[PDB]
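Note sheet for the following structure.
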Amino acid sequence: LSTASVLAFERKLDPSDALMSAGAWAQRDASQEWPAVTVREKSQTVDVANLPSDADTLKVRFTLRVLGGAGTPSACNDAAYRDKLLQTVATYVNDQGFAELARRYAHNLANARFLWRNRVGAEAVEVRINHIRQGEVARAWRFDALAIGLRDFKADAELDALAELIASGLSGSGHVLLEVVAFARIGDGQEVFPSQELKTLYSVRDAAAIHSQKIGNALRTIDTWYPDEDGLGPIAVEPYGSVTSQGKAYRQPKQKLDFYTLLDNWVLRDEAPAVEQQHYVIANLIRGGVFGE
Amino acid sequence: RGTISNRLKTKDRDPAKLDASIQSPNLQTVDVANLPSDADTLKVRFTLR
Amino acid sequence: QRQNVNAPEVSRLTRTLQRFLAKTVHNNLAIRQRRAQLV
Amino acid sequence: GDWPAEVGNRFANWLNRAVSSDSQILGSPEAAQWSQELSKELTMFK
RNA sequence: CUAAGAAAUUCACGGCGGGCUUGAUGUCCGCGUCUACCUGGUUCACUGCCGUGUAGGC
Numbered sequence: 025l026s027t028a029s030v031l032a033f034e035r036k037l038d039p040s041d042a043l044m045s046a047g048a049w050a051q052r053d054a055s056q057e058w059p060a061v062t063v064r065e066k067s096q097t098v099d100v101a102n103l104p105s106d107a108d109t110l111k112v113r114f115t116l117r118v119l120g121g122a123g124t125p126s127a128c129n130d131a132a133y134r135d136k137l138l139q140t141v142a143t144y145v146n147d148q149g150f151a152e153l154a155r156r157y158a159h160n161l162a163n164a165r166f167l168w169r170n171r172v173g174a175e176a177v178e179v180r181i182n183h184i185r186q187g188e189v190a191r192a193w194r195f196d197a198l199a200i201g202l203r204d205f206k207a208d209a210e211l212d213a214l215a216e217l218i219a220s221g222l223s224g225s226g227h228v229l230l231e232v233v234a235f236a237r238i239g240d241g242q243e244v245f246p247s248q249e250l263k264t265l266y267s268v269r270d271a272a273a274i275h276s277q278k279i280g281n282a283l284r285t286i287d288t289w290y291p292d293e294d295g296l297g298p299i300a301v302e303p304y305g306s307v308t309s310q311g312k313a314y315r316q317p318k319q320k321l322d323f324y325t326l327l328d329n330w331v332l333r334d335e336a337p338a339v340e341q342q343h344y345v346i347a348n349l350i351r352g353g354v355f356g357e
Numbered sequence: 069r070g071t072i073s074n075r076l077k078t079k080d081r082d083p084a085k086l087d088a089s090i091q092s093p094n095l096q097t098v099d100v101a102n103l104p105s106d107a108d109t110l111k112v113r114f115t116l117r
Numbered sequence: 273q274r275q276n277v278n279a295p296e297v298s299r300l301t302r303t304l305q306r307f308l309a310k311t312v313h314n315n316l317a318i319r320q321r322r323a324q325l326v
Numbered sequence: 381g382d383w384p385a386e387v388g389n390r391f392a393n394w395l396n397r398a399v400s401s402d403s404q405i406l407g408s409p410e411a412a413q414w415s416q417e418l419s420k421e422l423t424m425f426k
């Protein structure tokens, strides 16, 4: 009949803080003892994180758990709204499962978009994704991140295999944890761009790193179904789909394509189109958030 | 630094500012706890009398 | 006073609230802070 | 429970008709917001 | 066009003297606070063939 006063969706596709470490190209195989890059200060005064002078390659590394059961909220206030939401996500996956969203997540893990600023000036990027079964490597991938585009979604055998593995983890048929390690050729003594704190760069234990929410924002840029002119490309799935650095807000609620109007039409009165906005609202609840009255 | 992703308390006409604008970020400070990068299991220890 | 028979800061708050939401300077957090303060 | 929501409603209606600048209309959602604000601070007594 | 119309109160002082409030006490029992986030639109920088000579150089 109505929406609950409190509604909480927990995070799926759980990332970690991407630890960064310098190294040389063609040494990506035995890249375990690689020294982590640290933040220095210079001339009011600012922070800067470069590489060591004998290293032409950055390597970031983070572990991504995927959870599954994304349509089950962690908090509600009425049982009827949770039953209706579970029925809508259940008939979503019974019409078509996680085949488009898992393919786009495998794309955003294939092209190293979690390299936020380090990707745009990189000569060659290689992403290695290891599916850690018990404590060892079960299936290992080796993706050309620059050959796979940022705004076009290709078709490939290995990428559809990664899409099927992320789909199996997202449906709940298996536990999926992926060690994702990206080698980016940037140059000798070039500058890396970790996440900046409240200019102070973020670090954990004498090691510059990217935040977990920045990596979670980067692999979430899959939204291509919105009334923009063609040329923007994929944006991240936020409700009232915003780019606060650009100062614009696509799917503003005067147009009826935001997350909340599509949710309260797709659940409370059974109204959404065939493929596009259902994928948008399901990816938005895959992200998680706080909704309600 | 998040985005304003919540229910808006009123429509486009708003004389007295209740909700934030969507074309504007929001800054928060949160507490987080992670394992170290070389430690992959959590140990929870408690006594029970 | 008799035994037989005989016989404004709220307005300041309302006036400064009206004069505050009359004008706008960039419409940021401090405006909503002062509005919550006055209410 | 008859008093607090109605007292917050009529207080916010008083504040609606009292505070109306050159931005002329104030409106009903602001009335509900100030109504529930005073209603929480009145049901806080017990 | 006023119960109108007018009016110097003025001076000084010793409040002193003393004192047991006493005992005693059982606050005592519970608890899920959750949920998601890009600090980025910016570091006007070491020099030097320089011209310190307000334009001049990677």
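Note that the protein sequences, when read in sequence, are chains A, B, C and D.
As numbered in the authors' numbering, residues 25 to 67, 96 to 250, 263 to 357 make up the first sequence, in order.
Count along the second sequence starting at 1, add 68, and that's the number in the authors' numbering.
As numbered in the authors' numbering, residues 273 to 279, 295 to 326 make up the third sequence, in order.
Count along the fourth sequence starting at 1, add 380, and that's the number in the authors' numbering.
Even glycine gets a Cβ: it sits at the ideal position worked out from N, Cα and C.
Test item: CB-CB of residue i and residue j under 7 Å
i	j	result
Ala174/A	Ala60/A	no
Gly297/A	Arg203/A	yes
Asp322/A	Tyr304/A	yes
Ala215/A	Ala154/A	yes
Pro39/A	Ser223/A	no
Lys79/B	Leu86/B	no
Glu34/A	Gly352/A	yes
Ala28/A	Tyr133/A	yes
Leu325/C	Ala84/B	no
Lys36/A	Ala127/A	no
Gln316/A	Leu326/A	no
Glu302/A	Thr71/B	yes
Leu198/A	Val177/A	yes
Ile184/A	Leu229/A	yes
Neighbour flag for residue i against chain C, beta carbons, 7 Å
i	result
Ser401/D	yes
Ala398/D	yes
Cutoff 7 Å: residue i Cβ touching any chain A Cβ
i	result
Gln96/B	no
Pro83/B	no
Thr109/B	no
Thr115/B	no
Minimum C-alpha distance to residue i - residue among the options
i	options	result
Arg191/A	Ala199/A, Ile181/A, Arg169/A and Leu198/A	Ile181/A
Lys278/A	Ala271/A, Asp294/A, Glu249/A and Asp270/A	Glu249/A
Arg165/A	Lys136/A, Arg185/A and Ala234/A	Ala234/A
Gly407/D	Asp82/B, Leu110/B, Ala107/B and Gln91/B	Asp82/B
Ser309/A	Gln91/B, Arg75/B, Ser73/B and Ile72/B	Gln91/B
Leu43/A	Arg194/A, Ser220/A, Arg113/A and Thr264/A	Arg113/A
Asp135/A	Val339/A, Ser26/A, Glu335/A and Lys320/A	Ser26/A
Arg269/A	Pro93/B, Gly70/B and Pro104/B	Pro104/B
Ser45/A	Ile238/A, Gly356/A and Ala282/A	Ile238/A
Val331/A	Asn129/A, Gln139/A, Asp130/A and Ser67/A	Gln139/A
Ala338/A	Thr124/A, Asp130/A, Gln148/A and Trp58/A	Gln148/A
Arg306/C	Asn315/C, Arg321/C, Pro295/C and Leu316/C	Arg321/C
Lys111/A	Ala207/A, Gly280/A, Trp193/A and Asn170/A	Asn170/A
Residue i at chain D interface by Cβ criterion, 7 Å
i	result
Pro104/B	no
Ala317/C	no
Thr303/C	no
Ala309/C	yes
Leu76/B	no
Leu86/B	yes
Cβ of residue i within 7 Å of any chain B Cβ
i	result
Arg322/C	yes
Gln416/D	no
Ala122/A	no
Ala192/A	no
residue 326/D	A query on residue 326/D cannot be resolved here, the shown segment of chain D reaching from 381 to 426 and no further.
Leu300/C	no
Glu410/D	yes
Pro59/A	no
If contact is defined by three or more beta carbon pairs under 8 Å, each pair taking one atom from either stretch, is the region 160-170 of chain A in contact with the region 272-288 of chain A?
yes
With a cut-off of 8 Å, do at least 3 Cβ pairs link the region 112-121 of chain A to the region 292-307 of chain A?
no
Looking at C-beta atoms only, is the number of pairs between the region 137-144 of chain A and the region 330-347 of chain A that lie closer than 8 Å three or more?
yes
Assess contact between the region 393-411 of chain D and the region 299-308 of chain C, defined as three or more Cβ pairs (one per stretch) separated by less than 8 Å. Is contact present?
yes
With three or more beta-carbon pairs closer than 8 Å as the criterion, would you say the region 385-392 of chain D touches the region 410-417 of chain D?
yes
Count Cβ pairs between the region 237-244 of chain A and the region 99-108 of chain A that sit closer than 8 Å; are there 3 or more?
yes
Uninterrupted alpha helix (DSSP H) stretches inside the region 138-212 of chain A (no shorter than 4 residues):
152-162
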